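Chemist: Provided hereafter are the protein sequence and its experimental coordinates.
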Amino acid sequence: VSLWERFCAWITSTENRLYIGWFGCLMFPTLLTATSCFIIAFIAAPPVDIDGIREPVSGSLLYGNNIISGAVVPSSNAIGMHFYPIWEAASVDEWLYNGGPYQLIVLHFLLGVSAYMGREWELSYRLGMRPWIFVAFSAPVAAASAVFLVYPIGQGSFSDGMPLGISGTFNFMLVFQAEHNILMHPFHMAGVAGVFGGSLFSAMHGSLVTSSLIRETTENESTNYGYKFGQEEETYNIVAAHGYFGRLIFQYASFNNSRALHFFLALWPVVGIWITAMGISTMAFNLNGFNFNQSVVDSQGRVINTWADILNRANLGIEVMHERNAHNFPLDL
Amino acid sequence: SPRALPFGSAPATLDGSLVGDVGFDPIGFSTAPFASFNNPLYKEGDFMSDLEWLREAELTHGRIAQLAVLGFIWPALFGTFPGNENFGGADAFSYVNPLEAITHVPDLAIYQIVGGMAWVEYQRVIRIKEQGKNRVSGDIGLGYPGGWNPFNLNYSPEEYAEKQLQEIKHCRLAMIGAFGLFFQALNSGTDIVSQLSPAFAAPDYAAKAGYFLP
Amino acid sequence: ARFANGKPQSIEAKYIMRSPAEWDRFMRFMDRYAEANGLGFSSXXXXXXX
Amino acid sequence: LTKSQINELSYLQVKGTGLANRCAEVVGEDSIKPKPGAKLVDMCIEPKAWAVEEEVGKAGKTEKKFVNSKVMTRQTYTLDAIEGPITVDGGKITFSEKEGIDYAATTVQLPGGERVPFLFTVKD
Amino acid sequence: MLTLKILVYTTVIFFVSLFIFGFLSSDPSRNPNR
Amino acid sequence: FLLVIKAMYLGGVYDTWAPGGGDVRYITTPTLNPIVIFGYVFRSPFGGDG
Ligand code: CLA
Ligand SMILES: CC(=O)O[C@H]1CC(C)(C)C(=C=C/C(C)=C/C=C/C(C)=C/C=C/C=C(C)/C=C/C=C(\C)C(=O)C[C@@]23O[C@]2(C)C[C@@H](O)CC3(C)C)[C@](C)(O)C1
Ligand SMILES: CC1=C(C#C/C(C)=C/C=C/C(C)=C/C=C/C=C(C)/C=C/C=C(C)/C=C/[C@@]23O[C@]2(C)C[C@@H](O)CC3(C)C)C(C)(C)C[C@H](O)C1
Ligand code: OEX
Ligand SMILES: [Fe+2]
């Protein structure tokens, strides 16, 4: 029995409190350093110039911020897309002045979530189950990559990525609306439909299952105590739930193969989020949503406003104000 | 014929006649008489085998070409032309381009090595003319198991089989390589060191200067 | 930074030291796997033979 | 390196190297004796060290001293391509700057976390 | 800061080689059924 | 190979950086240095490197 073997075995063991696996060798150190740097920076990071115009923005708790206003400000616009690790700066203070911690945290977080997907698959393989949970987890990973990496790549600067904070997230969303018209993009519509449908189906499935629960408890005891871990029979009556659902809407319209029902539950939000991440990715290369500006014209030629023109008005209001000092020329290219 | 995998070889090419008997013989001139072509010291006696005579031919060529390879690298790399001549830099170390080295060197040393290989082939014929039966590449005493010179060959018959394989293969591959190097240098007017070392480098046109950074 | 660079080695020390980690791994891996030439399983992703 | 050596290098060989800020050296000490009416076509001003006036106590007494400070902006500080007419009023050379890249935004950080931005300029 | 780069370059190649040689060590055989 | 042959001896290809403006020219002397060629393959994918 060699040493390598022994190791490989401990690593791929399924009796450890938390599964390590080979993807864990990438997930654990990377996520740990990302979270350590994030926690330190959220508390004591000095201000950073983000637009590269020597106007630093404070985002740390010790610099007069609260939980909502605080954020990890993305790297400077002067750097752009350039790689900026610690050792390329002449001093740590300068590294902090140009927003290096944002790059560090975001790159490590992306590697960590990819390794997290891999580790999910690896444990699925070890336990002898069907290996497609990480496919479902791919959708949030794709969304995070689009918002943190793909959009800066398309725009050409890391300063365009989503800042790690609440108010920073809202600022990113508003500027995205102004410069890109996300709402009128069919992929954002698909994503909103997917999220609303996911909530709808979650609530309805939970209500239907809990409503039809076999009576195996008193009244002075939590209904949840009727079920025992490791049961052999279904604690709920599918027949009653399907009868209620069919009578509610229609007989034909109803799922019976609970397997098909759960597959649909998995399918709806996942495809919605995939389509949304594709909206963000496509719009990172300036393929914006529909522009129905001045589409309606009367006989003479005068323009009649629609509801889209008021959206354009709000977009103009946001646009002429964002990054007030950064621009020097009429067009935002 | 596995060498020429989807093809047939000579109606009588052998598999054990020579170690290199994978069957590669497309035109397979082995079939042809391969005798004392234009009276090549005809014997009509043992006369080896016509295939075995072609085998001795390949052996001589590959051995000479193998030595030729090292004589195309060591003049440049290994020993950097240790010509160390008492005088006369030309015809000595200086010409590291092998073609130009031949262009310079006086006929003194040319006749030296000419008479050297001349005595070599004289002894080879002296053996082979009598060494019938198995001509065995006119082996005679040259490093044979009897080892007519120092460290008289001390190996095993299975090791001898592997050694025959080693020699034959290296000779064939070197017969390729000598062609390589020669056409290389002639069609570049240089020595192998020249093209290979600028290759493994970075061109002077682009070097990103140096790290003159603060 | 933007200086192209083969891999990203700028100082011979950096390459000569990113070396021993990979070679250490190669050695520990060779410790289990050594003197292996044959044992063709000829099956769909079996590799049962150690 | 001198200007005659940088002119040999192409733009691709220089990008990133960081020598765009560096000022060319001059060799071979000699006298020019400018003809009146001549002018300086190029002029590069490179700061090698920065300091800010501050109050600090040595042995119980505080006095105005210039404390050192590291620059926060990466490689912006250097000025170049300054032009101006040289004249001689009473046999004295007068540069009189006239035009060229002469301002440069620069931020420097004092000990204690204090950030001091300033405009490094040579105007008028 | 060259030392910091050296240490990080080690850690990275350390863990990456761990990954590469862990997945090369007959992983498909590691499985519930045999 | 066919693409290389087209660019070198079959009428050439369009080159923007050609002197006098973009036009079709023959690439007579391609760069064969392995270091410069694989510098692209082994360089960083970040800004300034590409
Ligand atoms: C009712 C109105 C409404 C609704 C429902 C939505 C709905 C949505 N919008 Mg939105 N939007 C609206 C109005 C609305 N919008 C308006 C008015 C505007 C204009 C201001 C926008 C502008 C806008 C933009 C600009 C963007 C959205 C996006 C989205 C999507 C969110 C993606 C998401 O969270 O999943 C994605 C999930 C994640 C990113 C999470 C990843 C989690 C990682 C993998 C792990 C994290 C672990 C964590 C750190 C620690 C774990 C916890 C541990 C400690 C226990 C979603 C479809 C985003 C989008 O397109 O999706 C990418 C987006 O970028 N919207
Ligand atoms: C007592 C006595 O005397 O008995 C003797 C018997 C004997 C047998 C003589 C003895 C021995 C053994 C000996 C002499 C063995 C010698 C073996 C020898 C000398 C074998 C050379 C091979 C070269 C080859 C195959 C070609 C290589 C090179 C090739 C194919 C290339 O690719 C070259 C290439 O260059 C080009 C074409 C272009 C370049 O861009 C790229 C490169 C560089 C890659 C002893 C022990 O001394 C005793
Ligand atoms: C020492 C030295 C010098 C030298 C030298 C010398 C003399 C070098 C000489 C090298 C030499 C003499 C190199 C021969 C190669 C023969 C080959 C490759 C034959 C191939 C033949 C092949 C590949 C054919 C294979 C066949 O399958 C085909 C194609 C058809 C089939 O039916 C039949 C066969 C099986 C046959 C200088 C230059 C004088 C000075 C310098 O300083 C150093
Ligand atoms: O950084 Mn963020 O927001 Ca994309 O557009 Mn241009 O840059 Mn700025 O302006 Mn608009
Ligand atoms: Fe369920």
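Modeler: Okay, I see it. Residues are numbered from 1 along each chain as shown, chains lettered A, B, ... in the order given. Ligands and ions are numbered 1, 2, ... in the order given.
Chemist: now the residue of the stretch 201-333 of chain A found nearest chain F: how far from residue D:5?
Modeler: Closest approach of the stretch 201-333 of chain A to chain F (Cβ to the nearest Cβ) occurs at residue A:284, with a separation of 15.3 Å. C-beta here means a position set from N, CA and C on the backbone, and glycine is covered the same way. The gap separating residue A:284 from residue D:5 is 43 Å, by Cβ to Cβ, to the nearest Å.
Chemist: the more surrounded of those two?
Modeler: For residue A:284 against residue D:5, the residue with the higher neighbour count under other Cβ atoms under 10 Å in any protein chain shown is residue A:284, and the figures read 20 against 10.
Chemist: contact partners for that one?
Modeler: Shown here is residue A:284, whose contacts under the criterion Cβ atoms under 8 Å, 6 or more residues apart in numbering or on different chains are A:146, A:150-151, A:153-155.
Chemist: ok, residue D:78 to residue A:170 distance?
Modeler: Between residue D:78 and residue A:170 the distance, using Cβ to Cβ, works out to 40 Å.
Chemist: look at the two and report which has more neighbours.
Modeler: With other Cβ under 10 Å as the criterion, residue D:78 and residue A:170 differ in neighbour count, and residue D:78 comes out ahead with 17 against 12.
Chemist: leaving out the residues flanking it, which one is nearest to the residue of the stretch 201-333 of chain A closest to chain F?
Modeler: When the adjacent residues along the chain are set aside, residue A:284 lies closest to residue A:154, with 3.1 Å between them (Cβ to Cβ, 6 or more residues apart in numbering or on different chains).
Chemist: tell me how many other residues crowd the nearest residue to residue A:319 once chain neighbours are set aside.
Modeler: Of all residues beyond its chain neighbours, the one nearest residue A:319 is residue A:178 (4.3 Å), with distances taken as Cβ to Cβ, 6+ apart. Neighbour count of residue A:178, defined by other Cβ under 10 Å: 19.
Chemist: how close does residue B:39 sit to residue B:33?
Modeler: 13 Å.
Chemist: do residue A:96 as well
Modeler: Noted for residue A:96: a distance of 89 Å to residue B:33, by Cβ to Cβ.
Chemist: picking that back up, which strand or helix spans the residue nearest to residue A:284?
Modeler: In the assignment (DSSP states H and E), residue A:154 maps to helix A:151-155.
Chemist: please name every helix or strand in contact with that helix.
Modeler: helix A:258-284 (3 or more Cβ pairs under 8 Å, 6 or more residues apart in numbering or on different chains; DSSP states H and E).
Chemist: buried residues, the helix it packs on. List them.
Modeler: Across helix A:258-284, burial judged by 16 or more other Cβ atoms under 10 Å in any protein chain shown covers A:261, A:265, A:268-270, A:272-284.
Chemist: do the same with stretch C:23-40
Modeler: Taking 16+ other Cβ under 10 Å as the neighbour-count basis, stretch C:23-40 is seen to contain the buried residues C:25, C:28-29, C:32.
Chemist: just give me the neighbour total for the residue in chain E positioned nearest to ligand 3.
Modeler: Nearest to ligand 3 in chain E, going by Cβ to the nearest ligand atom, is residue E:24, at a distance of 40.0 Å. Applying other Cβ under 10 Å, we find 12 residues neighbouring residue E:24.
Chemist: I figured residue B:147 hits residue B:153, correct?
Modeler: Yes - using Cβ atoms under 8 Å as the test, residue B:147 is close enough to residue B:153 to be in contact (4.4 Å).
Chemist: list the contacts for residue D:63?
Modeler: Counting by Cβ under 8 Å, 6+ apart, residue D:63 makes contact with D:55-56.
Chemist: in chain B, which residue sits nearest chain D?
Modeler: Among residues of chain B, the one nearest chain D by Cβ to the nearest Cβ turns out to be residue B:213. It sits 3.9 Å away.
Chemist: one step back: who has more neighbours out of residue A:96 and residue B:33?
Modeler: When residue A:96 and residue B:33 are compared on other Cβ under 10 Å, the one with more neighbours turns out to be residue A:96, at 20 against 8.
Chemist: for the closest residue to residue E:14 other than its chain neighbours, phi and psi?
Modeler: Nearest non-adjacent residue to residue E:14, counting by Cβ to Cβ, 6+ apart: residue C:21, 4.8 Å away. With angles defined as degrees, to the nearest 10, residue C:21 sits at phi -70, psi -50.
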